[PDB]
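Residue numbers (the entry's author numbering), protein chains in the order written: chain B, -3 to 607; chain A, -2 to 607.
Data block below; observations after.
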Ligand SMILES: O=P(O)(O)OC[C@H]1O[C@H](O)[C@H](O)[C@@H](O)[C@@H]1O
Ligand SMILES: O=P(O)(O)OC[C@H]1O[C@H](O)[C@H](O)[C@@H](O)[C@@H]1O
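Pasting the structure below:
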């Protein structure tokens, strides 16, 4: 069989090269495009199932491959030189319908995409039935087939309150009931009516949770600090590393601290262990102060969860349990009860603004025609680079210091959703799926790793994200900030030729002919490196809501095109299972022989030196 | 240009006729053959000939052959075939300390057998790496593009053996500044340094960016258990006015010491932040009825190479802490730039930090290649970067104090080796530095490990941990480290379709159809690599050793690829273009001279900025 596959591989390669439209200098590009699905299916071979051909055999996919072989080595500037108003034709704006005339604007023009490639990318949406999938997901159909679940984070922010049905019942009444419950608690805390066991108003909130129950609340509290009540300090314990709880406990006055235990399952080992430790340390502190423990936990601990039974066991009153539902994915849970810490920080009205921004982006996504659909366009630009240029990564570069946790947040949203190797129809993928997300807030990144983005050997798609207006007016800081935002994307695209560099070196003087000759390529910029520029008028709660929903929907479109399930996360189960067994073996002086020699050796090293 | 196509097809034909790849793996041979062609196509705009000095190395060609033969094997294959693989594929550097600390590397969970390992070591010989190392350590001007020495190792040279630059021993210079740092840090820590109204310093605000920011902040976070909690440390870096504004709101300005950290003292973000901080500080004193006479001299110090600009800012000569051109910014934690660290953790702990790097330096320069920890890290990285073709490198510290280590290594690695041209003026024919990413464990497990386990990219991972915690509570550290060991095991061994099926069938509650569809979605390929790095405890000495180890890994990789790890020309174009655009950011101003995107974006900003 293997010999037959080889003879076939060679036949397919010969045919592909004979039929390719690639320029004579670019034959290697046709080979790379041909070879991509072969290399993916080799790497995924231990899945032990057939390769999915449903995407790669789409007429549009064949056409995109042909267009890549033709255009993939062209500059980006070429398209601008050919169309003087390319910017107007390769950008679009979503109105946020707010009193401050806010918006989300996408400029996707600094890309290797011409009108033909763009038409064919839109045709891929049609051929893969993406618009019908979107309608099914929005209507509550159980599109998370692996877990037989609906996918309805959009219900959480459904301000229209049109019914959305799960198991024959409208979910909106319960969504709105929990929002009202959240409102009442946040109001009591913000107004100083919620008192601790010794009568102190709450001045500290400590969220305990991990992953989806941590990244969102923290990112949003950071992002929306200008809209917050500064009298209430927000803390986020997440690592099981004892350092995390210990350092946060050191920062708070426990008599005025509200603990929020955030866990969809309420069984995650890190979160439940942190919660039990926090409760133990809290009660011990009270006892040391001669303060009665009777009724203290009920005043100082609340829970955000789907599991009432587990919350009860912990000792939290059901009245202080904030419910959400199985159709709320953890990495999509900011909008739900999980956002309670956020609502305490910025207030109910601002939380509703946050929901409303997401809702407006939802309405745009579901209703706008494909050609004018901002999240679909984001998704297609991403696929062009991810699947045809073969870029492994995606940089997220927000030029707003409050947004410094956005890259980490989008890391979970994107990579945990679409880091998949098997399709919903039980096959292995033949195309690349989710990319690796990385990034830091600008301008800091410019002084850390943009060197590589400009001059290295990898093509890195970059999303530059900014606000036209600052919340903190000081000197010329915001103008300087945004001069960098605009300049970096210009620089990535246009580069700097050897001829330009040579002239500059000669004009600077002080160097020999040979010295200049060595130096020229080292100071040359290829250019032709792509970016998207995303702008809002101002980073308000509404704008942040729109931005996050925008990426949720980008991820939806990409997953659906690739044929994978964006909404499960099976890949975390093996590690949890293996860690349970190892934990039992972490005892001083215990010898271990049942694993591979590395795992055995590492555990024994730990067991021999741990004290 | 059809002659190039003809030749390409001939070369590919010959490569396939001679390849020893298994029948099922022809695509792997094609991928290997095609890699330099794709690199040189992508770097074509550099307009110079391709470097073949690396690809022509006999060891490079042999590694290519071994990749085509062994590249699709599981990782477990080599464990099954050698019962003590762990012993042969691990090593430890002794940190010579009273607490018996160490740096231990386990590189066994890799696609590397004895034959590949030997050939990787031969590559070190063939690229003259050991000789390069000696030249660099000796102060030779190996940063050829800038005609500079590269001597961050002199900064922590506790032995005080002479090291010469322009025929002069730099060690007396290094030691004088350390003593200067000692004196200031002691005055601050002892409450002797008073502000303009007589208050002891309780807040330190470092203003700096990149190399003048990431190291100091990373180290102050990493070494918090060894710090003076009476002194709050703050790090302003972004020009975004939010950064300075929020920090100013957290401090009492009457007891704040500002530290302006900038090698050039001309970086736009840092000098603008420093001028604004100076302004707000003086407005604050005035609002409190406090005299401004001599106030800047009392509250501002500088870490720099530029004495004139420091003088111009108003800082006294006694409070300028010098370092030197041969200290790269991303290698500068060990110099005057580390002043905020020394204030926070004290002179003695800062000396421990230097000592740890020094011991790693001694190991690096003296240990044989086969037992050289940074060289092995570099070689493992090159195997994946250049032969498997992985674009990234994950850095996963299982220590909450190390939460800024990935961002710090992002600069160290990517700004060093994110290069496309060689020192001899050619374009590279091989991939250079990978993209660094990561978050402290266990948090990353609940964020993005899903993709590391089940996605379509191979991602080399460095797992870094401490055997002992500084914060004993309950069973937290045992739980933390059970995850540390389990994740690397999981990545390697995966979970077969038969295992998955058995589990699903025992659990029940699903139709046959549901189970059939679910099995592939819950299968793990395994064969995904990792390094496990351990220290006994994350002390200042251990941190020093860890950073020095990565500095030297970067040195070795850069030297093998023939690039300059120590310059950074790639940041210049953006700075020039931003100064130009800044001139055009005025309300209502129309802009026509750029590309239509840059024009439109700027006009959008100018139309709606008010
Ligand atoms: O210390 P400075 O001279 O202010 O430079 C700070 C940083 O700015 C530059 O842009 C470089 O990217 C970094 O290598 C450097 O560390
Ligand atoms: O909210 P929890 O049930 O505690 O789960 C928190 C997190 O842990 C899991 O391992 C997943 O990786 C995440 O999808 C999830 O958000």
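All C-beta atoms in this analysis are idealised placements derived from N, C-alpha and C, irrespective of residue type, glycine included.
- Message: Quick check: the Cα distance between residue 466 of chain B and residue 556 of chain B, rounded to an integer number of angstroms?
- Response: As a position in the first chain, residue 466 of chain B is number 470, starting the count at 1. As a position in the first chain, residue 556 of chain B is number 560, starting the count at 1. Taking the straight line joining both Cα atoms gives about 37 Å.
- Message: Strictly by DSSP, which residues pair up with residue 253 of chain A?
- Response: Residue 253 of chain A sits at position 256 when you count from the first residue of the second chain. For residue 253 of chain A, which the question treats as bridged, DSSP gives the partners A/200.
- Task: Establish whether the CB of residue 44 of chain B and some CB of chain A are separated by less than 8 Å.
- Result: Walking along the first chain from the start, residue 44 of chain B turns up at place 48. At least one chain A Cβ lies under 8 Å of residue 44 of chain B.
- residue 462 of chain A, enclosing beta strand (DSSP E) - first and last residue: As a position in the second chain, residue 462 of chain A is number 465, starting the count at 1. Per DSSP, the unbroken beta strand (DSSP E) holding residue 462 of chain A starts and ends at 458 to 465.
- Report yes or no: is there a C-beta of chain A within less than 8 Å of the C-beta of residue 321 of chain B? For the purposes of this step, residue 321 of chain B is identified with residue 325 of the first chain, where counting begins at 1. By this cut-off, residue 321 of chain B is not an interface position.
- For residue 104 of chain A, which of B/34, B/602, B/598 and B/606 has the nearest alpha-carbon? Taking the first residue of the second chain as 1, we reach residue 104 of chain A at position 107. Closest option to residue 104 of chain A, Cα to Cα, is B/598.
- Message: Is it the case that the region 543 to 562 of chain B contacts the region 416 to 424 of chain B, given that we only count it when at least three CB pairs across the two stretches are under 8 Å?
- Response: With three or more CB-CB distances shorter than 8 Å, the region 416 to 424 of chain B counts as touching the region 543 to 562 of chain B.
- Task: Determine which residues of the region 482 to 493 of chain A have a Cβ less than 9 Å from any Cβ of chain B, and write them out in chain order.
- Result: 482, 483, 484, 485, 486, 487, 488, 489, 490, 491, 492 and 493
- Item | Cβ-Cβ distance between residue 457 of chain B and residue 526 of chain B below 8 Å | Looking up residue 457 of chain B in the first chain gives position 461. Looking up residue 526 of chain B in the first chain gives position 530. Yes, these two residues count as a Cβ contact at 8 Å.
- Item | Within 8 Å, strictly: CB atoms of residue 354 of chain B and residue 153 of chain B | For the purposes of this step, residue 354 of chain B is taken as residue 358 along the first chain, with counting starting at 1. For the purposes of this step, residue 153 of chain B is taken as residue 157 along the first chain, with counting starting at 1. Contact: yes.
- Task: Label residue 11 of chain B either buried or exposed according to how many other C-beta atoms from any shown protein chain fall within 10 Å of its C-beta, with 16 as the threshold for buried.
- Result: Looking up residue 11 of chain B in the first chain gives position 15. By the neighbour-count rule (16 or more Cβ atoms within 10 Å), residue 11 of chain B is not buried but exposed.
- Query: What residues of chain B sit near residue 416 of chain A, judged by a beta carbon separation below 9 Å?
  - Reply: Indexing the second chain from 1 puts residue 416 of chain A at position 419. Here the neighbours are 447, 448, 451, 452, 453 and 518.
- Query: When every heavy atom of ligand 1 is checked, does at least one fall within less than 7 Å of the C-beta of residue 93 of chain B?
  - Reply: Residue numbering aside, residue 93 of chain B sits at position 97 when the first chain is read from its first letter. Residue 93 of chain B: no, Cβ never under 7 Å from ligand 1.
- Between A/594, A/189 and A/334, which lies nearest to residue 199 of chain A when the distance is taken from Cα to Cα? Within the second chain, residue 199 of chain A is the residue found at index 202, counting from 1. For residue 199 of chain A, the nearest C-alpha among the options comes from A/189.
- In or out: residue 505 of chain A buried (at least 16 other Cβ within 10 Å) or exposed? By 1-based counting over the second chain, the position of residue 505 of chain A is 508. That one is exposed.
- Message: Alpha carbons only, please: which of B/433, B/304 and B/141 is nearest the one belonging to residue 511 of chain A?
- Response: Indexing the second chain from 1 puts residue 511 of chain A at position 514. Among B/433, B/304 and B/141, the Cα nearest to that of residue 511 of chain A is on B/141.
- Message: Any heavy atom of ligand 2 inside 7 Å of the beta-carbon of residue 452 of chain A?
- Response: Here residue 452 of chain A refers to the residue found at position 455 when the second chain is read from its first residue. Taken from the Cβ of residue 452 of chain A, every heavy atom of ligand 2 lies 7 Å or farther away.
- Message: For a test of the three-state rule: what should DSSP assign to residue 338 of chain A, helix, strand or coil?
- Response: Within the second chain, numbered from 1, the residue matching residue 338 of chain A stands at position 341. Taken through DSSP and simplified to helix, strand or coil, residue 338 of chain A comes out as helix.
- Closest by C-alpha distance to residue 608 of chain B, when choosing among B/521, B/600, B/369 and B/463: Since the first and last residues shown for chain B are -3 and 607, residue 608 of chain B lies out of range.
- Are the beta-carbon atoms belonging to residue 235 of chain B and residue 219 of chain A less than 8 Å from one another? Within the first chain, the letter at position 239 stands for residue 235 of chain B. Within the second chain, the letter at position 222 stands for residue 219 of chain A. For residue 235 of chain B and residue 219 of chain A, no; Cβs fall outside 8 Å.
- Message: Quick check: is any heavy atom of ligand 2 less than 7 Å from the C-beta of residue 430 of chain B?
- Response: Looking up residue 430 of chain B in the first chain gives position 434. Answer for residue 430 of chain B: no, Cβ out of range of ligand 2.
- Task: Look up residue 166 of chain A in the DSSP assignment and give the residues it is bridged to.
- Result: Residue numbering aside, residue 166 of chain A sits at position 169 when the second chain is read from its first letter. According to DSSP, residue 166 of chain A bridges with A/161.
- Item | Members of the region 285 to 315 of chain A that neighbour chain B once the beta carbon cut-off is set at 8 Å | none
- Task: Return no unless some Cβ of chain A is closer than 8 Å to the Cβ of residue 432 of chain B.
- Result: Taking the first residue of the first chain as 1, we reach residue 432 of chain B at position 436. By the rule that beta-carbons nearer than 8 Å mark a contact, residue 432 of chain B touches chain A.
- Query: For residue 440 of chain A, which residues in chain B fall below 8 Å Cβ to Cβ?
  - Reply: Here residue 440 of chain A refers to the residue found at position 443 when the second chain is read from its first residue. Under a criterion of Cβ atoms nearer than 8 Å, the residues of chain B adjacent to residue 440 of chain A are, in order, 206, 207, 210, 234 and 235.
- Task: Alpha carbon to alpha carbon, how far is residue 327 of chain B from residue 148 of chain B? Give it in angstroms, no decimals.
- Result: By 1-based counting over the first chain, the position of residue 148 of chain B is 152. By 1-based counting over the first chain, the position of residue 327 of chain B is 331. The alpha-carbon atoms of residue 148 of chain B and residue 327 of chain B are separated by roughly 12 Å.
- Task: Go ahead and label residue 6 of chain B buried or exposed: buried means 16 or more other beta carbons lie within 10 angstroms of its beta carbon, across all protein chains shown.
- Result: Here residue 6 of chain B refers to the residue found at position 10 of the first chain. Exposed.
- Query: Based on Cα-Cα distance, which residue from B/169, B/522 and B/380 lies nearest to residue 321 of chain B?
  - Reply: As a position in the first chain, residue 321 of chain B is number 325, starting the count at 1. Nearest to residue 321 of chain B by C-alpha distance, out of B/169, B/522 and B/380, is B/169.
- Message: Mapping the DSSP letters down to three states, classify residue 89 of chain A as helix, strand or coil.
- Response: On the second chain, position 92 is the one that residue 89 of chain A refers to. Three-state result, residue 89 of chain A: strand.
- Message: Three Cβ pairs or more, each shorter than 8 Å: is that satisfied between the region 35 to 55 of chain A and the region 445 to 455 of chain B?
- Response: Enough Cβ pairs lie closer than 8 Å, so yes.
- Taking 7 Å as the cut-off, is the CB of residue 416 of chain B close to at least one heavy atom of ligand 2? Within the first chain, residue 416 of chain B is the residue found at index 420, counting from 1. Flag unset: Cβ of residue 416 of chain B not near ligand 2.
- Report the three-state DSSP secondary structure of residue 437 of chain B (helix, strand or coil). Along the first chain, one-based indexing puts residue 437 of chain B at 441. In this structure, residue 437 of chain B counts as coil in the three-state DSSP scheme.
- Task: Taking only beta carbons into account, state which residues of the region 10 to 41 of chain A come closer than 8 Å to chain B, listed in chain order.
- Result: Listed by position along the chain: 13, 19, 20, 21, 22, 23, 24, 25, 27, 28, 31, 34, 35, 36, 38, 39, 40 and 41.
- Query: Just to check, is the beta-carbon of residue 208 of chain B closer than 7 Å to a non-hydrogen atom of ligand 2?
  - Reply: In the first chain, counting from the first residue as 1, residue 208 of chain B sits at position 212. At least one heavy atom of ligand 2 lies closer than 7 Å to the C-beta of residue 208 of chain B.
- Under 7 Å from the C-beta of residue 274 of chain A: neighbouring residues of chain B: Translated into positions along the second chain, residue 274 of chain A becomes position 277. Simply none; closest approach about 10 Å.
- Item | Buried or exposed (CB count within 10 angstroms, at least 16 for buried), residue 4 of chain B | Your numbering for residue 4 of chain B matches position 8 in the first chain. Result: exposed.
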